[PDB]
């Protein structure tokens, strides 16, 4: 009925955490460990197993895995927001950046917001939190709170984990590299985006 | 290793869609002939398979199968909102005995809307839309939009089956009894369901 | 010769009253600390 | 209690690159100094 | 000799404290190492160039 | 416990002190008096049964 290795993987004690949290939109990385430490062992088996539900466990050249539902996906589809991709790219830069290695992977929402506002444009960014904003500090605080909420939602979807005693400090998954899907290759970001939407990996909101 | 019959069940061509809907939260009543029969045959293994997710595959006394999440559910839970809970009780109250005299199993959004407005207290209706509102037409429109949203949300869970058109008329499945109180011999369904709605 | 040594090294110190006070306070706590370790 | 001690003491240590450099320079000269004394 | 007790008292913890740090540092370092370790197989092997 | 937190707490506040003792009938008058004198010397409050 099944290949030996696929049944082996499905029999692993970690397998239910993996399957369930991937169905719940969580994604695979250094954090989100229970869904990664053995999925490295059966990537092909889990991918062919998931194809039955018209969904694909996709690995980029990066070591992270994440779930993508087809158009005919049996498990229904949904998407994230622009600010989510933003915080995600900042988190990916943090993950790669060896300069902050001394942080040992632990990072604080203030560091995240500082890096985000440093790399990005404050006002053009803030246009999306609220359409009418014109540099009001109330909208800046709104953006900071929205960054906090997006970090929470990314925690729900396997990009970050709050420390047991600290919701202000967090550790990052390698699923963060999902956000670098338009930069994982030297091809154009737009043509790669077309290939993602073709492979249903990303869509504009 | 893995139980051989569990391998047979999971390899079953009907396993994918059934599993996906179960992850969604959709119940599987007797109306789903193929899913129901497959569940009846392979429950002994599928219960273990889902309990590995710390989720119980419960067959109700009504016979419909559904995934009860434990507190430790490995599939992070979403829940039916407050308006979803009361609209679900109103749906069961639209599926109980008295509806046979009024809608013969085929209901419309107007029936549910009228029952919700007449039966539910104005206080909880305002809690649904807003505490400051008072009977205004716009607030009623917002409440109706939320009613449609929760109706579709119940549709995703296989608790209401839509008639195939954009018009919001539908039938209600037996699984709706998860909302209502358990029926006892000699109990008036109206009395118990109203006491719970009250 | 050491002038350029320092120049290219680049270092500094800066202790406002509050910062210097916090410093003595941490020092005293450490002198009182069970294991000398100071958690944030 | 030591908070007011420090507050009313009023002290501060700080060092720009040039000042810190001058400090190492004076230290080295003193280590080279005949009698350790440094005239202005 | 009560004051001596205070020294006989204090000097113990200091000593223990030293020893404590003597171990604690390694406990930190060995952890930090693994982070560095993971980094090489979670940052550069995927971004070789 | 109090001595440790002496630094963090301002001397203006001396923290409240309160312990318990059930089945005080076990004690003798000498022990009860010694407990009372010790507690009040330590500004200690007691609830005894």
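Considering only the range A:78-105, state which residues are in contact (Cβ under 8 Å) with a residue 24 or more places away in the chain and touching a strand residue (DSSP E or B) at 6+ places or on another chain (Cβ under 8 Å).
Once the filter is applied, which keeps residues that are in contact (Cβ under 8 Å) with a residue 24 or more places away in the chain and touching a strand residue (DSSP E or B) at 6+ places or on another chain (Cβ under 8 Å), the range A:78-105 yields A:91, A:94, A:95, A:105.
Inside the range A:36-54, can you point out the residues that are at the interface with chain B (Cβ under 10 Å from one of its Cβ atoms) and within 23 Å of residue A:154 (Cα to Cα)?
Restricting attention to the range A:36-54, the residues satisfying the condition of being at the interface with chain B (Cβ under 10 Å from one of its Cβ atoms) are A:49-54.
Hit for the range A:36-54 is A:50, nothing else.
Can you pull out every residue in the range C:1-24 that is at the interface with another protein chain (Cβ under 7 Å from one of its Cβ atoms) and closer than 30 Å to residue A:169 by Cα?
C:11, C:12, C:13, C:14, C:15, C:16, C:17, C:20, C:21, C:24, listed by residue number.
Can you give me the number of residues within the range A:186-205 that are without any contact (Cβ under 8 Å) to a residue 12 or more places away in the chain and within 27 Å of residue E:39 (Cα to Cα)? Please lay out each step first, then the result.
Narrowing the range A:186-205 to residues without any contact (Cβ under 8 Å) to a residue 12 or more places away in the chain: A:186-195, A:197-198, A:204.
Still in the running and within 27 Å of residue E:39 (Cα to Cα): A:186-187, A:189, A:192.
Going through the range A:186-205 one residue at a time, the tally reaches 4.
Looking at the range B:12-31, can you tell me whether even one residue there is buried (at least 17 other Cβ atoms within 10 Å of the Cβ), free of Cβ contacts under 8 Å to residues at least 60 places away in the same chain, in contact with a strand residue (DSSP E or B) (Cβ under 6 Å, 6 or more places away or on another chain) and over 28 Å from residue B:145 (Cα atoms)?
The answer is no; no qualifying residue exists.
What pairs can you find where one residue is in the range E:1-29 and in contact (Cβ under 8 Å) with a residue 24 or more places away in the chain and within 11 Å of another protein chain (Cβ to nearest Cβ), the other is outside any helix (DSSP H, G or I) and surrounded by 10 or more Cβ atoms within 10 Å (Cβ to Cβ), and their Cβ atoms are less than 8 Å apart, with a gap of 6+ or different chains?
none
Within the range F:20-41, can you find the residues that are surrounded by 11 or more Cβ atoms within 10 Å (Cβ to Cβ) and in contact (Cβ under 8 Å) with a residue 24 or more places away in the chain?
F:21, F:24
Could you say whether any residue in the range B:181-195 is within 23 Å of residue B:78 (Cβ to Cβ) and surrounded by 13 or more Cβ atoms within 10 Å (Cβ to Cβ)?
No, that holds for no residue.
Can you tell me which residue among D:34, D:20 is surrounded by 12 or more Cβ atoms within 10 Å (Cβ to Cβ) and either assigned to a loop (DSSP other than H, G, I, E, B) or under 16 Å from the mean Cα position of the chain (by Cα) (or both)?
D:20
Looking for whichever is touching a helix residue (DSSP H, G or I) at 6+ places or on another chain (Cβ under 7 Å) and within 13 Å of another protein chain (Cβ to nearest Cβ) here; the options are A:88, A:105, A:25. Which one fits?
Numbers: A:88 fails: within 13 Å of another protein chain (Cβ to nearest Cβ); A:25 fails: touching a helix residue (DSSP H, G or I) at 6+ places or on another chain (Cβ under 7 Å).
Just one listed residue meets the conditions, A:105.
When the residues of the range A:157-169 are narrowed to those that are more than 10 Å from the chain's Cα centre (by Cα) and touching a residue at least 24 places away in the same chain (Cβ under 8 Å), which ends up nearest to residue B:75 (Cα to Cα)? Give the steps one after another, and end with the answer.
Kept after step one, since they are more than 10 Å from the chain's Cα centre (by Cα), are these residues of the range A:157-169: A:161-169.
Within this subset, residues satisfying the condition of being touching a residue at least 24 places away in the same chain (Cβ under 8 Å) are A:161, A:163, A:168-169.
Working: A:161: 17, A:163: 21, A:168: 25, A:169: 25 Å.
Per the criteria, the residue is A:161.
Does the range A:55-70 contain at least one residue that is touching a helix residue (DSSP H, G or I) at 6+ places or on another chain (Cβ under 8 Å), surrounded by fewer than 20 Cβ atoms within 10 Å (Cβ to Cβ) and within 9 Å of chain B (Cβ to nearest Cβ)?
The answer is no, given that none of the residues of the range A:55-70 is touching a helix residue (DSSP H, G or I) at 6+ places or on another chain (Cβ under 8 Å), surrounded by fewer than 20 Cβ atoms within 10 Å (Cβ to Cβ) and within 9 Å of chain B (Cβ to nearest Cβ).
So, in the range C:1-17, how many residues would count as being surrounded by 11 or more Cβ atoms within 10 Å (Cβ to Cβ) and not in a loop (DSSP other than H, G, I, E, B)?
7
Which residues, counting only those in the range F:4-23, are within 14 Å of chain D (Cβ to nearest Cβ) and either in a loop (DSSP other than H, G, I, E, B) or on the phi > 0 side of the Ramachandran plot (or both)? Outline the logic, then answer.
Within the range F:4-23, the first condition is being within 14 Å of chain D (Cβ to nearest Cβ), and the residues that meet it are F:5-14.
Hits for the range F:4-23 are F:7, F:8, F:9, F:10, F:11, F:12, F:13, F:14.
Restricting to the range A:133-180, what's the tally of residues that are in a loop (DSSP other than H, G, I, E, B) and surrounded by 17 or more Cβ atoms within 10 Å (Cβ to Cβ)?
So the answer is 5.
Which one is nearest to residue B:193 (Cα to Cα), of the residues in the range B:106-124 that are in contact (Cβ under 8 Å) with a residue 60 or more places away in the chain and in a helix (DSSP H, G or I)?
B:119
All of the numbers you see were taken from the coordinates with simple rules; none came from a lab. Every residue, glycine as well, gets a Cβ built from its backbone with ideal geometry; the counts of neighbours run over all protein chains shown.
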